[PDB]
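In the form deposited in one PDB entry, a lone chain appears below as structure tokens.
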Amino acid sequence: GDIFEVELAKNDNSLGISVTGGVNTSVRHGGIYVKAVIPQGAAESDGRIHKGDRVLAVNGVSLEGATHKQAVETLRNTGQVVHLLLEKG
């Protein structure tokens, strides 16, 4: 329920997380969700991103209504310091 923002500096083209979901998937009610955080992702976020967080936005792009491919493309096509708006699982 809590909304919070994280800032993650991409290395090796990676946020160090994996995501599931999309309006046309069976995951929850169509949102984008953090499925795993690998130690690189924990480091980039100073421990603040967690499995089960819903990803609401990437920088200026809202993920409302995104398909899985749209969310992945949005997450991939950015660099340097990435801003994520999240909702606690």
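Heads up, when I say rigid core I mean the largest set of C-alphas that superpose within 1.5 Å between the two forms. So that there is no doubt, residue numbering starts at 1 and follows the sequence shown.
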**Request:** Look over 24 to 32 and 50 to 58 in the entry and identify the one with the greater average Cα temperature factor.
**Result:** 24 to 32
**Message:** What third of the chain does residue 3 rank in for C-alpha temperature factor, lowest, middle or highest?
**Reply:** highest
**Prompt:** Lowest, middle or highest third: where is residue 78 by Cα B-factor in its chain?
**Reply:** highest
**Request:** Can you work out whether the C-alpha temperature factor of residue 11 puts it in the lowest, middle or highest third of the chain?
**Result:** highest
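Missing here is the form deposited in another entry; even so, the following discussion is about that form.
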**Asked** Core-aligned, is the CA shift for residue 31 between the shown form and the other one 2 angstroms or more?
**Response** no
**Core-superposed C-alpha of residue 53 shifting 2 Å or more between the shown form and the other one** = no
**Asked** Looking in the other form, are the Cα atoms of residue 45 and residue 31 closer together or farther apart than here, the change being 3 Å or more?
**Response** farther
**Message:** So the CA-CA distance for residue 43 and residue 18 moves by at least 3 angstroms in the other form. Closer or farther than here?
**Reply:** closer
